[PDB]
Amino acid sequence: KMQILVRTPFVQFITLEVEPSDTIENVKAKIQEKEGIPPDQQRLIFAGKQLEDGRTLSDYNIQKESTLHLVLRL
Amino acid sequence: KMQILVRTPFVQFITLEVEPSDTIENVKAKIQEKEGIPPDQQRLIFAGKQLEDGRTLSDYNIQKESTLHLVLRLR
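As documented in the archive entry, the model was determined using X-ray crystallography at 1.84 Å resolution.

As recorded by the PDB entry, chain B carries the name Ubiquitin Variant UbV3 and is attributed to synthetic construct.

As annotated in the PDB entry, chain A carries the name Ubiquitin Variant UbV3 and comes from synthetic construct.

Put into structure tokens, the structure is as follows:
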């Protein structure tokens, strides 16, 4: 009869299957396919560095189960 | 070739279809069905009150599109 919302404290992770040769831009494209956030609204942070679109995951020592941080850019 | 995880700042809401006569116990059961969180691990908080299992949504004047807060209750 009525809709209510329950705000949860749960943290969302985007889980992606990637190759070490994938560029940061390719990862942003995958995030866009999953979430509809354009690449230019995405900052990907790893180990205190904003990752550059043209570099690869392997360049940054990103390994299996590494956690990146997505921060939106308005 | 490998799994990676991208942590996001996005807030998750559980959307429930409920009746004013539903008890808080009924609401917690619905959350369990959707998310596998047992009722004893759920605190539901609204308007500065922890909602009691035996009382109804109507008892709390919870209306359409009210945003309850789920706070996990663990030992």
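Asker: Requested: an account of the environment of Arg7(B), with residues and values cited.
Answerer: Within the secondary structure, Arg7(B) is located in strand 1 (residues 2–18). For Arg7(B), a relative accessible area of 38% puts it in the partly exposed group. When residues no more than four places from it in sequence are discounted, the contact partners of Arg7(B) are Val11(A), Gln12(A), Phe13(A), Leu68(A), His69(A) and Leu70(A).

Asker: So what's going on with the sheet that holds strand 3 (residues 49–50) of chain A? Which residues, and what values?
Answerer: Strand order across the open sheet formed by eight strands is 3(A)-2(A)-4(A)-1(B)-1(A)-4(B)-2(B)-3(B), with mixed pairing between neighbours. Sheet topology places strand 3 of chain A together with strand 3 (49–50) of chain B at the edges, where each strand pairs with a single neighbour. Most of the contacts of helix 1 (residues 24–35) of chain A go to strand 1 (residues 2–18) of chain A, to which it runs at about 150°, and overall it touches strand 1, strand 2 (42–46) and strand 4 (67–72) of chain A together with strand 1 of chain B.

Asker: Lay out the pattern of salt bridges in plain terms, naming residues and giving numbers.
Answerer: Side-chain pairs of opposite charge can arise whenever the charged atoms involved come near each other. Tallying each qualifying case throughout the model produces four salt bridges over all chains. Two residues, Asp53(A) and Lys28(A), come together in a salt bridge whose shortest N-O distance is 2.9 Å. Of this pair, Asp53(A) sits in the loop between strand 3 and strand 4 while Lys28(A) sits in helix 1, and the two are 25 residues apart along the sequence. Looking at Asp53(A), the relative accessible area reads 34%, which means it is partly exposed. Under the relative-accessibility criterion, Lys28(A) is labelled buried at 7%. Note that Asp53(B) is salt-bridged to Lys28(B), the shortest N-O span being 2.8 Å. Of this pair, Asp53(B) sits in the loop between strand 3 and strand 4 (67–72) while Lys28(B) sits in helix 1 (residues 24–35), and the two are 25 residues apart along the sequence. The class for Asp53(B) is partly exposed, based on a relative accessible area of 38%.

Rules used in this analysis
Residues numbered from 1 in each chain as written, not as in the entry; some residues may be left out. Chains lettered and ligands numbered in written order. Heavy atoms only, no water. Helix = DSSP H or I, 4+ residues; strand = E, 2+ residues; numbered from the N terminus. Buried < 20%, exposed > 50% of the residue type's maximum accessible area, 1.4 Å probe, protein only. Contact = heavy atoms within 4.5 Å. Pairing = 2+ DSSP bridges. Axes fitted to C-alpha atoms, helices over the stretch in contact; angles between N-to-C directions. Salt bridge = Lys/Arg side-chain N within 4 Å of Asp/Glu carboxyl O.

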